[PDB]
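**Student:** Have a look at this one before I ask anything.
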Amino acid sequence: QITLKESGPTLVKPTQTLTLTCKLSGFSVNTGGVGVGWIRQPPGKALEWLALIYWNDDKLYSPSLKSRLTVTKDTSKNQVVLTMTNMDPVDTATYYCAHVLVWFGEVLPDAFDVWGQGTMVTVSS
Amino acid sequence: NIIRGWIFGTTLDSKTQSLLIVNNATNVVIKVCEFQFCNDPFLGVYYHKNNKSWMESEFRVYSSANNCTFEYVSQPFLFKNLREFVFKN
Amino acid sequence: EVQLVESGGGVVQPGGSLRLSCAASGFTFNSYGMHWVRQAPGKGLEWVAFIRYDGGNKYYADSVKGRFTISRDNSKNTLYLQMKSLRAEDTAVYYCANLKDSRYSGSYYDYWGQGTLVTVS
Amino acid sequence: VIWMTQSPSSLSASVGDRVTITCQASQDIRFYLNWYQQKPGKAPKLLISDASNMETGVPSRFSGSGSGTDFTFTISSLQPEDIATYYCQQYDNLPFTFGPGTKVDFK
Amino acid sequence: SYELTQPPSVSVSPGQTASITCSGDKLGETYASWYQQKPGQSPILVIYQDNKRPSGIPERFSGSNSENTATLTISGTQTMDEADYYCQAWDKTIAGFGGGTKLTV
Ligand SMILES: *[C@@H]1O[C@H](CO)[C@@H](O)[C@H](O)[C@H]1NC(C)=O
Ligand SMILES: *[C@@H]1O[C@H](CO)[C@@H](O)[C@H](O)[C@H]1NC(C)=O
Ligand SMILES: *[C@@H]1O[C@H](CO)[C@@H](O)[C@H](O)[C@H]1NC(C)=O
């Protein structure tokens, strides 16, 4: 079955860079039609989309956070990595990874059919 | 990009080996098997809210693919666009 | 839709000659090979000759080999049979056909013409 | 030259009866056999190719089977319209040949 | 992000059908999807492409998209369905999420 899991630091200070890793299984990251995205959710708040990467190395970012977001992938270890730079206290949230459904004819995202478990990240001195 | 592939053979049924060449969304697949082909073989695709985009639905070329002897996979083979091919044996 | 029309039949004497033809229409004649088959009254079918789509190779039954020649014209969509040194035994109805054949003709369909009667007396 | 024979030479049957025709090849022709149906004054019509491959438009009451040298043709429920002579043709090797044919009459 | 508007909550009795809607500017021009979430957990996809269920999702779930409004419906709502449901839609490949609706059963 298709599964994804998040890992990484649960506490960083203000003005620091955070790296979160998504481990996947049940599929290869090099398979056509495959994609992975990242979403965060502050305490008691709604989901906010960050970024995604496709099997063809194409990428999309949320314009509100793009300036501080980078997404890459490891084609040998079957992993996807999210980086968020220069974090502020307001960036405290649970961070999630998920698989991305996408249309083939013209690049266009659809829905997240498989989600991970989420990892809680605190930003504090 | 409606034309996706070709079938080659003699009886074109499960009695003998036949050659099936099909392109999909990201690759090209060539197989040789004792295929039992559909009465009218085709690929099923569906479209997005906007007609400009489409996604894979179902594969409806054959009902079975037993006793395979050959398989090969690579990248897709595919004003207006003119594509030309020559097939020899 | 698909038509095959034999003609050129008639009554000739032994030792003479006769040329048959078959007009084709409604299909890509120049893509298919063709067969001649003949049938005497009250008798079964006798295969005569086969010619490839390009008019390249030619095949004959032993009963006609050396006497009959099969040919075709892909510009006029017409099949021909040139018969020399005719005998009484050649009396039969001659058909042109596109025979369904997974090995040789490559045709996925089977069509027969009306047939033309040839008599040798 | 591959020779074809058939059995019986003729048979008669009533409406609803099951009718079978047997063909045999002097040589192994795999499944490369055509079944033709002919009535007086008309050209032969193909009902089955490659031994057991039913042609489009042929009623479900018709079937074929067999392999190698031994082939068969069956009518599961004979109709008044099924009174005809059937022929076997082999096309494994050129020159092609036809069998003597089997006649089905009305009882 | 693409704007999506949802009610803060819906309340039904067990055995009744619940309905959660979401409005926007371009919903009639794009496919919507819905997710179910409970506190401390990641969201699960329950509806995609307006009215399709993912495998494993209870037959109770259904939905639609018309008049620039997306709908999630739970027929014969069970106490197990007491969860926060979110709407998602895309505009020019940019994601948008609604505020989520808390369903009380
Ligand atoms: C296309 O074909 C390749 C090669 O067999 C296969 O790995 C892939 O899953 C198929 N489907 C898509 C969407 O690429
Ligand atoms: C899609 O095709 C339909 C006709 O089937 C047409 O009415 C509609 O306007 C088209 N939409 C686009 C974006 O082309
Ligand atoms: C084809 O596969 C079947 C099993 O599905 C096997 O029994 C049969 O012997 C195979 N035929 C050949 C020629 O290997």
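By convention here, the chains of the structure tokens are called A, B, ... in the order presented, each chain's residues are numbered starting at 1, and ligands are numbered starting at 1 in the order presented.
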Quick one: residues within 7 Å of segment 26-38 of chain B, only C-alpha atoms counted, chain neighbours fewer than 6 positions away excluded, as a PDB file with N, CA and C atoms, in the first residue's frame?
**Tutor:**
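And here is the file that came out, out.pdb:
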```
ATOM      1  N   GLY A  32       6.400   7.472 -13.328  1.00  0.00           N
ATOM      2  CA  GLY A  32       5.622   8.515 -13.976  1.00  0.00           C
ATOM      3  C   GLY A  32       4.278   8.712 -13.286  1.00  0.00           C
TER       4      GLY A  32
ATOM      5  N   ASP B  13      -4.899 -13.398 -32.085  1.00  0.00           N
ATOM      6  CA  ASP B  13      -5.629 -13.987 -30.967  1.00  0.00           C
ATOM      7  C   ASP B  13      -4.680 -14.743 -30.041  1.00  0.00           C
ATOM      8  N   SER B  14      -5.244 -15.590 -29.183  1.00  0.00           N
ATOM      9  CA  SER B  14      -4.474 -16.258 -28.139  1.00  0.00           C
ATOM     10  C   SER B  14      -3.761 -17.518 -28.626  1.00  0.00           C
ATOM     11  N   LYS B  15      -3.905 -17.842 -29.911  1.00  0.00           N
ATOM     12  CA  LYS B  15      -3.293 -19.053 -30.453  1.00  0.00           C
ATOM     13  C   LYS B  15      -1.814 -18.862 -30.776  1.00  0.00           C
ATOM     14  N   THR B  16      -1.427 -17.639 -31.129  1.00  0.00           N
ATOM     15  CA  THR B  16      -0.051 -17.371 -31.536  1.00  0.00           C
ATOM     16  C   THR B  16       0.497 -16.120 -30.863  1.00  0.00           C
ATOM     17  N   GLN B  17       1.804 -15.913 -30.983  1.00  0.00           N
ATOM     18  CA  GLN B  17       2.436 -14.706 -30.461  1.00  0.00           C
ATOM     19  C   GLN B  17       2.073 -13.495 -31.311  1.00  0.00           C
ATOM     20  N   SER B  18       1.852 -12.359 -30.659  1.00  0.00           N
ATOM     21  CA  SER B  18       1.580 -11.121 -31.372  1.00  0.00           C
ATOM     22  C   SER B  18       2.267  -9.939 -30.702  1.00  0.00           C
ATOM     23  N   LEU B  19       2.545  -8.915 -31.493  1.00  0.00           N
ATOM     24  CA  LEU B  19       3.299  -7.753 -31.043  1.00  0.00           C
ATOM     25  C   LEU B  19       2.402  -6.559 -30.745  1.00  0.00           C
ATOM     26  N   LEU B  20       2.481  -6.068 -29.517  1.00  0.00           N
ATOM     27  CA  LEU B  20       1.681  -4.933 -29.087  1.00  0.00           C
ATOM     28  C   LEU B  20       2.559  -3.751 -28.690  1.00  0.00           C
ATOM     29  N   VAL B  61      -7.305  -2.882 -24.199  1.00  0.00           N
ATOM     30  CA  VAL B  61      -6.806  -3.391 -25.471  1.00  0.00           C
ATOM     31  C   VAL B  61      -7.015  -4.894 -25.580  1.00  0.00           C
ATOM     32  N   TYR B  62      -6.782  -5.597 -24.480  1.00  0.00           N
ATOM     33  CA  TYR B  62      -6.898  -7.046 -24.452  1.00  0.00           C
ATOM     34  C   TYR B  62      -7.533  -7.529 -23.156  1.00  0.00           C
ATOM     35  N   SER B  63      -8.111  -8.728 -23.201  1.00  0.00           N
ATOM     36  CA  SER B  63      -8.683  -9.362 -22.020  1.00  0.00           C
ATOM     37  C   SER B  63      -7.656 -10.233 -21.298  1.00  0.00           C
ATOM     38  N   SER B  64      -6.622 -10.662 -22.021  1.00  0.00           N
ATOM     39  CA  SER B  64      -5.545 -11.440 -21.410  1.00  0.00           C
ATOM     40  C   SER B  64      -4.221 -11.262 -22.151  1.00  0.00           C
ATOM     41  N   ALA B  65      -3.121 -11.560 -21.461  1.00  0.00           N
ATOM     42  CA  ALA B  65      -1.784 -11.456 -22.044  1.00  0.00           C
ATOM     43  C   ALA B  65      -0.880 -12.570 -21.534  1.00  0.00           C
ATOM     44  N   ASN B  66      -1.167 -13.790 -21.962  1.00  0.00           N
ATOM     45  CA  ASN B  66      -0.472 -14.969 -21.454  1.00  0.00           C
ATOM     46  C   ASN B  66       0.734 -15.326 -22.322  1.00  0.00           C
ATOM     47  N   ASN B  67       1.670 -16.101 -21.747  1.00  0.00           N
ATOM     48  CA  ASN B  67       2.791 -16.687 -22.486  1.00  0.00           C
ATOM     49  C   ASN B  67       3.630 -15.627 -23.205  1.00  0.00           C
ATOM     50  N   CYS B  68       4.049 -14.592 -22.470  1.00  0.00           N
ATOM     51  CA  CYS B  68       4.858 -13.505 -23.029  1.00  0.00           C
ATOM     52  C   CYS B  68       6.297 -13.944 -23.305  1.00  0.00           C
ATOM     53  N   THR B  69       6.857 -13.455 -24.412  1.00  0.00           N
ATOM     54  CA  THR B  69       8.217 -13.804 -24.812  1.00  0.00           C
ATOM     55  C   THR B  69       9.149 -12.595 -24.845  1.00  0.00           C
ATOM     56  N   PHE B  70       8.580 -11.402 -24.989  1.00  0.00           N
ATOM     57  CA  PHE B  70       9.395 -10.195 -25.132  1.00  0.00           C
ATOM     58  C   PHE B  70       8.751  -8.986 -24.465  1.00  0.00           C
ATOM     59  N   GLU B  71       9.575  -8.151 -23.834  1.00  0.00           N
ATOM     60  CA  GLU B  71       9.110  -6.876 -23.300  1.00  0.00           C
ATOM     61  C   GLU B  71      10.214  -5.821 -23.309  1.00  0.00           C
ATOM     62  N   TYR B  72       9.853  -4.599 -23.693  1.00  0.00           N
ATOM     63  CA  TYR B  72      10.783  -3.475 -23.731  1.00  0.00           C
ATOM     64  C   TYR B  72      10.090  -2.178 -23.325  1.00  0.00           C
ATOM     65  N   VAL B  73      10.768  -1.362 -22.521  1.00  0.00           N
ATOM     66  CA  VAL B  73      10.204  -0.084 -22.093  1.00  0.00           C
ATOM     67  C   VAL B  73      11.194   1.068 -22.246  1.00  0.00           C
ATOM     68  N   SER B  74      10.707   2.192 -22.763  1.00  0.00           N
ATOM     69  CA  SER B  74      11.506   3.412 -22.870  1.00  0.00           C
ATOM     70  C   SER B  74      10.616   4.650 -22.822  1.00  0.00           C
ATOM     71  N   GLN B  75      11.115   5.762 -23.350  1.00  0.00           N
ATOM     72  CA  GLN B  75      10.353   7.010 -23.399  1.00  0.00           C
ATOM     73  C   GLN B  75       9.444   7.019 -24.633  1.00  0.00           C
ATOM     74  N   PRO B  76       8.354   7.803 -24.624  1.00  0.00           N
ATOM     75  CA  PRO B  76       7.311   7.838 -25.640  1.00  0.00           C
ATOM     76  C   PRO B  76       7.880   8.052 -27.039  1.00  0.00           C
ATOM     77  N   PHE B  77       7.303   7.359 -28.021  1.00  0.00           N
ATOM     78  CA  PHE B  77       7.708   7.510 -29.419  1.00  0.00           C
ATOM     79  C   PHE B  77       7.187   8.810 -30.037  1.00  0.00           C
TER      80      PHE B  77
END
```
**Student:** Quick one: residues within 9 Å of residue 25 of chain A, only C-alpha atoms, excluding same-chain residues fewer than 4 positions away - as a VMD selection string?
**Tutor:** chain A and resid 1 to 5 29 78
**Student:** For the interface of chain B with ligand 2 (cut-off 7 Å, counting only C-alpha atoms and all ligand atoms), please tabulate each contacting residue of chain B alongside its nearest pair of atoms and their separation in Å to one decimal, rows sorted by chain and increasing number, as a Markdown table.
**Tutor:**
```
| residue | atom | partner | partner_atom_place_in_ligand_line | distance |
| --- | --- | --- | --- | --- |
| B:50 | CA | ligand 2 | 13 (C) | 4.6 |
| B:51 | CA | ligand 2 | 1 (C) | 4.9 |
| B:52 | CA | ligand 2 | 13 (C) | 6.8 |
```
**Student:** If we count only C-alpha atoms, which residues of chain E reach to within 9 Å of chain A? Please list them as a VMD selection string.
**Tutor:** chain E and resid 1 31 to 34 39 to 46 48 to 49 54 86 88 to 90 92 to 100
**Student:** Restricted to C-alpha atoms, what would the selected residues look like written as a compact mmCIF listing (two decimals), in the first residue's frame?
**Tutor:**
```txt
# COMPACT_ATOMS: atom_id res chain seq x y z
CA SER E 1 -3.86 31.00 -2.10
CA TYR E 31 -12.69 20.69 -9.47
CA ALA E 32 -13.13 20.64 -5.70
CA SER E 33 -12.05 18.07 -3.12
CA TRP E 34 -12.84 17.39 0.54
CA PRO E 39 -7.39 16.78 16.34
CA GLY E 40 -3.77 15.60 16.40
CA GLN E 41 -4.17 13.76 13.08
CA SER E 42 -3.47 14.36 9.40
CA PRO E 43 -6.48 14.94 7.06
CA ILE E 44 -7.85 12.14 4.86
CA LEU E 45 -9.27 12.54 1.36
CA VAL E 46 -12.97 11.67 1.31
CA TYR E 48 -12.19 14.26 -5.12
CA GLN E 49 -13.11 15.68 -8.52
CA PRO E 54 -11.46 7.31 -2.85
CA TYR E 86 -12.19 20.89 4.74
CA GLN E 88 -9.86 22.38 -1.37
CA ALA E 89 -9.69 23.82 -4.88
CA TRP E 90 -7.01 24.96 -7.33
CA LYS E 92 -3.98 28.41 -12.03
CA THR E 93 -2.19 25.55 -10.20
CA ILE E 94 -2.30 27.55 -6.95
CA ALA E 95 -3.87 25.70 -4.02
CA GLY E 96 -6.59 27.00 -1.75
CA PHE E 97 -8.18 25.60 1.41
CA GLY E 98 -11.31 26.56 3.31
CA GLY E 99 -11.50 27.23 7.04
CA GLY E 100 -12.99 23.80 7.72
```
**Student:** Which polymer residues have any atom within 7 Å of an atom of segment 87-95 of chain D, counting only C-alpha atoms, with same-chain residues fewer than 4 positions away left out, as a PyMOL selection string?
**Tutor:** (chain C and resi 59-61+101) or (chain D and resi 1+23+29+32-37+99-102)
**Student:** Only residues of chain D matter here; which ones have an atom within 10 Å of chain B, counting only C-alpha atoms? Give them as a list in words.
**Tutor:**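 Every residue meeting the condition is included here: residues 31, 32, 49, 50 and 53 of chain D.
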**Student:** If we count only C-alpha atoms, what is near residue 61 of chain D at a cut-off of 10 Å, once residues fewer than 2 positions away on the same chain are taken out, given as a short mmCIF file (atom, residue, chain, number, x, y, z; two decimals) with N, CA, C and O atoms, in the first residue's frame?
**Tutor:**
```
data_model
loop_
_atom_site.label_atom_id
_atom_site.label_comp_id
_atom_site.auth_asym_id
_atom_site.auth_seq_id
_atom_site.Cartn_x
_atom_site.Cartn_y
_atom_site.Cartn_z
N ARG D 18 -29.01 -31.43 -34.63
CA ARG D 18 -27.60 -31.08 -34.60
C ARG D 18 -26.85 -31.74 -35.75
O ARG D 18 -26.95 -32.95 -35.96
N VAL D 58 -22.01 -14.23 -38.61
CA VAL D 58 -22.39 -15.64 -38.62
C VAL D 58 -23.17 -15.99 -37.35
O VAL D 58 -22.67 -15.78 -36.24
N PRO D 59 -24.39 -16.53 -37.48
CA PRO D 59 -25.29 -16.92 -36.42
C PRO D 59 -24.60 -17.80 -35.38
O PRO D 59 -23.73 -18.60 -35.71
N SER D 63 -20.51 -23.29 -35.25
CA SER D 63 -19.23 -23.36 -34.54
C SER D 63 -18.23 -24.24 -35.27
O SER D 63 -18.61 -25.03 -36.14
N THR D 74 -19.88 -27.64 -36.80
CA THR D 74 -21.13 -28.01 -36.14
C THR D 74 -22.22 -26.95 -36.28
O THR D 74 -21.96 -25.75 -36.17
N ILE D 75 -23.45 -27.42 -36.47
CA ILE D 75 -24.64 -26.58 -36.37
C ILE D 75 -25.50 -27.07 -35.21
O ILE D 75 -26.01 -28.19 -35.24
N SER D 76 -25.61 -26.26 -34.16
CA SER D 76 -26.25 -26.70 -32.92
C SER D 76 -27.76 -26.90 -33.07
O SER D 76 -28.35 -27.75 -32.41
N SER D 77 -28.38 -26.11 -33.94
CA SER D 77 -29.82 -26.19 -34.16
C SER D 77 -30.16 -25.84 -35.60
O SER D 77 -30.32 -24.67 -35.95
N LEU D 78 -30.25 -26.87 -36.45
CA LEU D 78 -30.41 -26.67 -37.88
C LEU D 78 -31.69 -25.91 -38.22
O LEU D 78 -32.77 -26.25 -37.73
N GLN D 79 -31.56 -24.92 -39.09
CA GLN D 79 -32.70 -24.18 -39.61
C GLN D 79 -32.96 -24.57 -41.07
O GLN D 79 -32.08 -25.15 -41.71
#
```
**Student:** Work out how far atom CA of residue 103 of chain D is from atom CA of residue 86 of chain D, in Å to one decimal.
**Tutor:**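 Rounded to one decimal, the two atoms are 6.4 Å apart.
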**Student:** Pick out each residue of chain E that DSSP on the backbone tags as strand (DSSP E or B); I need them as an MDAnalysis selection string.
**Tutor:** chainID E and resid 5 9:11 18:23 32:37 44:48 52 61:66 69:74 84:91 94:97 101:104
**Student:** Select residues of chain B: the criterion is any atom within 8 Å of an atom of chain A, counting only C-alpha atoms; output as a list in words.
**Tutor:**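 Residues of chain B within 8 Å of chain A, counting only C-alpha atoms: residues 25, 26, 48, 52, 53, 54, 55 and 56 of chain B.
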**Student:** Please compute the atom CA of residue 30 of chain A-atom CA of residue 9 of chain A distance, one decimal, in Å.
**Tutor:**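 Here the two named atoms are 26.7 Å from each other.
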**Student:** Could you tell me which of B:79, B:59, B:8, B:47 comes closest to chain C if we count only C-alpha atoms?
**Tutor:**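 Closest residue, counting only C-alpha atoms: B:8.
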